[PDB]
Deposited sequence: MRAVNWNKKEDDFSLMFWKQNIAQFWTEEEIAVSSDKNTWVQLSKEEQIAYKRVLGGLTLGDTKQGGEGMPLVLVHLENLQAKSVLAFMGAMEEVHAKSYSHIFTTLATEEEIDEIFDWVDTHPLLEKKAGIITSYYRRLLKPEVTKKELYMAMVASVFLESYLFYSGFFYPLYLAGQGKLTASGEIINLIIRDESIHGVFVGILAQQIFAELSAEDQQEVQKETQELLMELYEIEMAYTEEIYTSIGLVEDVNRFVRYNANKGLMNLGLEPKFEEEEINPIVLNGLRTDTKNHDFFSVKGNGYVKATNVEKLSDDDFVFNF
């Protein structure tokens, strides 16, 4: 039974991604958020509610990626070096999820925080899309999986970390781009910095497994991937309308979602399927 041996490369990219993930390591204790209170209070009730809701949805995303996605993808990988990288990525997803609670602690009372997480747990659209994603992971709860099943779980992973998250990243970035909630915005930028390389790395692994499939299996998962993309897209447009109508940002967020959908497709080596907001861009600075 094989032990991991980093003195003999199993691929051409796991070492560089390992090094980069470690280089980018951070924890929430490093960013004090209390100074955000001064711009928090300038927001309206509806703006504050949108902010808490999208952070709640992001926390659900990281909870599923660290606790289900990365574990079940990595456990079936034969590349032990790539396995190491995914394990580190899953731990950093839990750092991300914890960093959202660090923001909440400064911005909300204990009762308001419990409102958030109860709204997350009972929200029908969050349940629907998190459930579509994790169904691909739960398919891996067996001793032997097919490469079709492992590939599609990787697709699901890229679509969550490169694509579905950005309906939520939009608003912290938009506010930070206007000088509001900028310390929380630095936390979100750290998270995004990790998520970007997570999506690139899983996409590379996916392309490698795709190339190992029979022609029939490739045709099947190419079609499934495009169906999944648009199933999630349809759900995400209902999500953005529910979250952002109150604050007049529905169509701006949708443009951001399509932009990042294109990046997730490219992370998978696939062509774009849709045609950055300058305030958001300023929040990424």
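Enquirer: Could you list the ranges of the deposited sequence that have no C-alpha atoms in the model?
Expert: Several regions go unmodelled: 276 to 278, 289 to 322.
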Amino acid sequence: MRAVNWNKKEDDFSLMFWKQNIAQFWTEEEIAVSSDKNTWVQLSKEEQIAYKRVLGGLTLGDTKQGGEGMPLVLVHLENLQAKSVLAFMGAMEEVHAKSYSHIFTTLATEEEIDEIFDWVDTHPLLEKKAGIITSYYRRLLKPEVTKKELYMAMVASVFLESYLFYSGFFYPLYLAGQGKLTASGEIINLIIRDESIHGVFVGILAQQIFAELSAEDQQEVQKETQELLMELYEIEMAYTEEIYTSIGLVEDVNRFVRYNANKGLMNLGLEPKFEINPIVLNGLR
From here on, numbers count along this sequence of modelled residues.
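Enquirer: Quick check on the record: does 232 to 240 or 58 to 66 carry the larger mean Cα temperature factor?
Expert: Between 232 to 240 and 58 to 66, it is 232 to 240 that shows the higher mean C-alpha B-factor.
Enquirer: Comparing 200 to 208 with 112 to 120, which stretch shows the greater average C-alpha B-factor in the deposited entry?
Expert: Of 112 to 120 and 200 to 208, the stretch with the higher C-alpha B-factor average is 112 to 120.
Enquirer: Among 149, 186, 194, 94, which carries the highest Cα B-factor?
Expert: Spelled out: the listed residue with the top C-alpha B-factor is 186.
Enquirer: Tell me, please, which of 222, 246, 39, 44 has the highest C-alpha B factor according to the deposited entry?
Expert: Max CA B-factor in the entry, restricted to 222, 246, 39, 44: 246.
Enquirer: Thinking about Cα B factors across the chain, which third does residue 129 belong to?
Expert: For residue 129, whose C-alpha B-factor we compare with every modelled residue in the chain, the answer is the highest third.
Enquirer: Based on the entry's values, in what third of the chain does the Cα temperature factor of residue 163 lie: lowest, middle or highest?
Expert: Residue 163: CA B-factor falls in the lowest third of its chain.
Enquirer: Looking at the entry's B-factor column for C-alpha atoms only, identify whether residue 254 ranks in the lowest, middle or highest third of its chain.
Expert: As the PDB entry reports it, the C-alpha B-factor of residue 254 lands in the middle third of its chain.
Enquirer: If you rank every modelled residue in this chain by C-alpha B factor, which third holds residue 139: lowest, middle or highest?
Expert: Lowest third.
Enquirer: Taking the values exactly as deposited, rank residue 270 by C-alpha B-factor within its chain and report the matching third: lowest, middle or highest.
Expert: CA B-factor rank for residue 270: lowest third.
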